[PDB]
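Take a look at the structure set out below.
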Amino acid sequence: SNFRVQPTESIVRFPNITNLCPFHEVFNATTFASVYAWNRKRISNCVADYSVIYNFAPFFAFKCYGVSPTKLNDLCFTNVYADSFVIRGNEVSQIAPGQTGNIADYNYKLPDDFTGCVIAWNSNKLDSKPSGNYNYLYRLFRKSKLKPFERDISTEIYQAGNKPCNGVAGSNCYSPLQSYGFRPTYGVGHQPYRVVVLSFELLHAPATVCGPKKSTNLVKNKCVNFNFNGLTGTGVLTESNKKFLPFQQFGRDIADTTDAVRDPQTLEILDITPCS
Amino acid sequence: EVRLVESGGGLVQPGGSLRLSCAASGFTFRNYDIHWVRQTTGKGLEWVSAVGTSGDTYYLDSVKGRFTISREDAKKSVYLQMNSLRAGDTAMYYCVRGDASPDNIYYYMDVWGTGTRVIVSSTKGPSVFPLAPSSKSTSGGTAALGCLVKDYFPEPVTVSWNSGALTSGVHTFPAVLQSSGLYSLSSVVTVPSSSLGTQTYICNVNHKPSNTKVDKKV
Amino acid sequence: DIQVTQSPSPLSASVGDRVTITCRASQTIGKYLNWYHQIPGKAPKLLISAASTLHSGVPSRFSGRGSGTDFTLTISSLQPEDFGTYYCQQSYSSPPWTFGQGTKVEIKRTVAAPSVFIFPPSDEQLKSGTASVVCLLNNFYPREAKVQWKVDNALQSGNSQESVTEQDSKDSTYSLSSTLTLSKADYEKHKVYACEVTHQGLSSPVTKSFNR
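Residue numbers (the entry's author numbering), protein chains in the order written: chain A, 316 to 591; chain H, 1 to 218; chain L, 1 to 212.
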């Protein structure tokens with residue numbers, strides 16, 4: 316008979332794991348937004364690589380609500396809406412599916428089916444101007460409860476009752492925007508904390524933000540399976556002194572056979588060899 | 001088939017630093033996330049302190065800082081180093097392979113491991129205290145010859161009521177540790193009211209760790 | 001956060017019965033729950049995942065149910081290996097994967113009665129300084145019996161700890177053993193030690209006491 320060697324492993328690689336994805340600005344900038352005016356950003360049409368999210372300042376929270384925080388890089392999501400806003404310390408626990416209060420009841424309320432990850436961290440150095448940075452406001456005294464992902468940027472004077480107040484303020488009348496005091500004198504729980512709530516919408520339509528490719532290693536001098544770049548195959552991999560002119564991806568011999576793959580994400584001249 | 005060894009051991013003192021390990025044997029170490037569950041004898045499977053292939057390293061808020069997870073695919077094992085431990089980390093540590101369904105998100109921690117053990121106290125020599133049921137003011141035909149082994153520590157201790165003459169009796173009571181830090185079990189035997197007068201019913205102890213095979217009857 | 005209130009701690013059972021283990025959440029966690037089984041002296045294993053999808057190897061009518069906050073492990077048929085501690089785990093929690101409190105499904109027999117014996121400490125134990133009086137409560141199925149160390153007609157407890165062994169194999173009863181740990185002066189000055197056995201098994205609480 317004719318006994319051969321069967322491919323030991325199935326180590327493969329892909330042309331660059333991921334592309335440039337905008338996981339900054341809503342995650343890393345200066346002035347963010349305000350609770351009353353939650354921002355938004357529909358990231359799509361890009362290979363979502365959530366690895367940059369982890370290599371960031373020790374955060375004060377990473378609670379994922381519905382999705383395993385370890386499988387974000389492997390689930391094809393349809394849309395992801397990043398929402399950034401700066402709240403205080405005692406309000407970090409209020410932003411969560413099913414929790415009420417006064418900063419998540421009328422300012423920003425998440426549904427009871429919110430399949431996302433809330434990310435919070437301390438910002439007592441970038442958004443803590445002395446004497447109190449009064450630029451941030453938080454909405455209060457809403458006529459009714461808020462809805463999942465509902466904006467409230469009105470500034471009409473609201474009163475408790477039986478008090479005419481249209482454009483002027485008073486004792487029982489106040490504007491629906493109150494400043495936040497960000498001073499180092501204030502203890503923990505009153506400092507500014509930035510929160511970005513990635514809302515991963517899970518559906519059945521073609522996903523526009525899939526996770527990065529599973530490019531493995533480059534086991535050499537050992538018979539293995541191959542998917543380098545996109546062609547499938549099987550064989551041993553050596554190191555050749557050939558010089559594919561800067562454009563030639565695959566290689567070929569005098570028999571129309573794949574015989575030299577180019578390191579997808581390492582720009583190198585490997586040479587495929589037969590598994591006897 | 002698919003086992004998870006947990007050869008880490010533990011005998012640290014307050015303020016020590018032990019290092020555990022969980023080496024798999026039966027699947028892609030890479031394509032799987034290894035956590036670390038903990039069970040206090042008399043409590044519920046605790047936190048996770050999980051590690052991931054994307055280099056994600058998770059911790060508990062009440063264990064963060066004094067903990068550091070590390071995945072090393074070279075030897076197909078992970079590690080769990082801890083800083084100064086208090087008196088509340090004495091428990092049976094475990095390592096699990098938390099996984100969800102294909103693209104579904106139901107983490108079901110399916111492949112559990114062996115069982116590492118941590119302690120943070122001292123030890124002593126077994127103090128056997130005989131209990132004589134000479135007062136037959138009992139229910140009649142029911143003797144309860146017991147030997148209270150007190151002031152010892154390592155759980156591996158056994159109270160052979162005579163090999164062979166153990167005769168379906170040895171009731172090894174769970175070591176009731178006195179706050180001190182010394183353990184105290186108990187072992188009564190199911191003997192008739194005349195067996196308290198039949199043969200040398202001895203409570204041969206066998207304290208192994210502190211090295212003291214001790215004996216004596218009642 | 002998201003808590004889970006499993007069934008009351010002790011769930012009596014017979015080899016064949018409809019056992020209901022309730023797991024109620026503080027929110028609407030939809031269909032994110034995992035049921036486990038931890039037998040005494042071994043590592044836990046998965047039984048029901050994603051509310052109703054049994055994993056594998058769990059086939060003994062270990063049916064799950066529920067799709068909101070309250071979920072129930074309907075065990076319609078029980079075997080010796082269907083007895084042990086059960087745990088719930090809301091997958092809707094992620095970073096702090098929180099497990100349940102624990103529900104021990106035990107076996108059932110009849111009602112019994114405590115065969116007891118107060119046990120004065122060793123002679124040399126007092127010269128050692130210490131002392132240990134033991135109240136053996138043996139052969140009792142209703143494991144709710146308490147120990148009241150009555151030193152000289154006074155409830156001078158606080159230092160006596162007790163424990164129970166694993167449920168007997170062919171007897172199904174439990175065994176209790178408290179240890180009155182006091183000093184030598186506290187022993188050679190007192191004479192009444194009635195161990196009040198307030199158990200549901202016996203009709204009248206028996207109090208055995210030794211005298212010096």
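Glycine included, each C-beta is placed from N, C-alpha and C at the ideal position.
* Asked: If you measure beta-carbon to beta-carbon, which residues of the segment 27 to 61 of chain L are closer than 8 Å to chain A?
  -> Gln27, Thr28, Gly30 and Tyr32
* Asked: Do the segment 353 to 373 of chain A and the segment 395 to 412 of chain A touch if we need at least three Cβ pairs shorter than 8 Å?
  -> yes
* Taking the continuous alpha helix (DSSP H) assigned at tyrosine 369(A), which residues delimit it? -> 366 to 369
* Asked: Within 10 angstroms of its Cβ, does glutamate 6(H) collect 16 or more other Cβ (buried), or is it exposed?
  -> Burial is judged here by how many other beta carbons sit within 10 angstroms of a residue's own beta carbon; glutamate 6(H) has at least 16 and is buried.
* **Where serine 21(H) falls: helix, strand or coil (DSSP)** => strand
* Element boundaries [beta strand (DSSP E), containing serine 77(H)] -> 77 to 82
* Asked: For the beta strand (DSSP E) that contains residue 277(L), what are its first and last residues?
  -> Residue 277(L) is absent from the structure shown; chain L starts at 1 and stops at 212.
* Sorted by chain position, which residues of the same chain lie with C-beta nearer than 7 Å to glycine 141(H)'s C-beta, five sequence neighbours on each side aside? -> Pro192 and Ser193
* For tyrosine 449(A), is the classification buried or exposed, using 16 other Cβ atoms within 10 angstroms of its Cβ as the cut-off for buried? -> exposed
* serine 52(L) versus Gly30(L), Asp82(L) and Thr207(L), residue with shortest Cα-Cα distance -> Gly30(L)
* Looking only at DSSP bridge pairs, what is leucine 148(H) linked to? -> Residue pairing by DSSP places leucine 148(H) opposite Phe129(H) in a beta bridge.
* Asked: So the beta strand (DSSP E) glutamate 72(H) belongs to, where does it begin and stop?
  -> 67 to 72
* Please name the residues in the segment 46 to 76 of chain H whose beta-carbon is closer than 7 Å to at least one beta-carbon of chain L, in chain order. => Within the segment 46 to 76 of chain H, the residues whose Cβ lies closer than 7 Å to some Cβ of chain L are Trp47, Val48, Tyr58 and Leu60, listed in chain order.
* Counting only the same chain and skipping the five closest in sequence on each side, list residues whose C-beta sits under 7 Å from that of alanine 419(A). => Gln409 and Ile410
* Asked: What residues of chain H sit near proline 96(L), judged by a beta carbon separation below 7 Å?
  -> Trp47 and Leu60
* Can a CB atom of chain C be found closer than 8 Å to the CB of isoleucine 34(H)? -> Of the protein chains in the structure, A, H and L, none is chain C.
* Could you please give me the residues that DSSP links to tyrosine 380(A) through a beta bridge? => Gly431(A)
* **Euclidean distance between Cα positions of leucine 452(A) and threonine 28(L)** => 31 Å
* With distances taken between CB atoms, is the gap from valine 197(L) to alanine 145(L) smaller than 8 Å? -> yes
* **Own chain partners of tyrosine 421(A) with C-beta closer than 8 Å, once the 5 adjacent residues on each side are dropped** => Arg454, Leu455, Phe456, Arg457, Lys460, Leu461 and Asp467
* Asked: When we look at the beta-carbon of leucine 390(A) and count the other beta-carbons within 10 Å, is it buried (16 or more) or exposed?
  -> buried
* **Close Cβ partners of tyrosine 495(A) (< 6 Å) along its chain, the five nearest in sequence each way excluded** => Closer than 6 Å at the Cβ level, and outside the excluded window around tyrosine 495(A), lie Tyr451.
* Of the choices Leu387(A), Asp578(A), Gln474(A) and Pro337(A), whose alpha-carbon is the least far from that of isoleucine 105(H)? -> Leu387(A)
* Any Cβ of chain L within less than 8 Å of the Cβ of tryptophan 161(H)? -> No, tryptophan 161(H) does not count as interfacial toward chain L.
* With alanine 520(A) and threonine 393(A) assumed to form a contact (beta carbons below 8 Å), what rounded beta-carbon distance in angstroms separates them? -> With 8 Å as the limit, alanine 520(A) and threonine 393(A) qualify as a contact, their Cβ atoms being about 6 Å apart.
* May I ask which residues mark the beginning and end of the alpha helix (DSSP H) holding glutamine 125(L)? => 123 to 128
* **Bounding residues of the beta strand (DSSP E) (the contiguous stretch that carries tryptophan 149(L))** => 146 to 151
* Asked: Which same chain residues, not among the five before or five after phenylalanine 377(A), have their C-beta less than 7 Å away from its C-beta?
  -> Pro384, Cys432 and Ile434
* Asked: When you check each C-beta in the segment 100 to 128 of chain H against every C-beta of chain A, which residues fall closer than 7 Å?
  -> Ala100, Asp103, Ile105 and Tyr107
* Rounded to whole angstroms, what's the CA-CA distance from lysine 136(H) to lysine 191(L)? Just pull it up for me. => 19 Å
* Return the CA-CA distance between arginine 143(L) and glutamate 406(A), expressed in angstroms with no decimal places. => 46 Å
* Asked: Is it buried or exposed for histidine 171(H), if we count other Cβ within 10 angstroms and need 16 for buried?
  -> buried
* To do: Please name the residue, chosen from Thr90(H), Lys64(H) and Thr53(H), that lies closest to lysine 76(H) on a Cα-to-Cα basis.
  => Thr53(H)
* Kindly indicate which residue of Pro40(L), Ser67(L), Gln156(L) and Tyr36(L) has the alpha-carbon position closest to the one of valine 58(L). => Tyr36(L)
* Comparing alpha-carbon positions, which option in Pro491(A), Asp578(A), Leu552(A) and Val534(A) lies nearest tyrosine 351(A)? -> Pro491(A)
* Quick one: residues in its chain with C-beta nearer than 7 Å to the C-beta of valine 214(H), no 5 flanking neighbours on either side, listed in chain order? => Cβ-Cβ distances below 7 Å link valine 214(H) to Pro126, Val128, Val205 and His207 in the same chain, with the five nearest sequence neighbours on each side left out; the list follows chain order.
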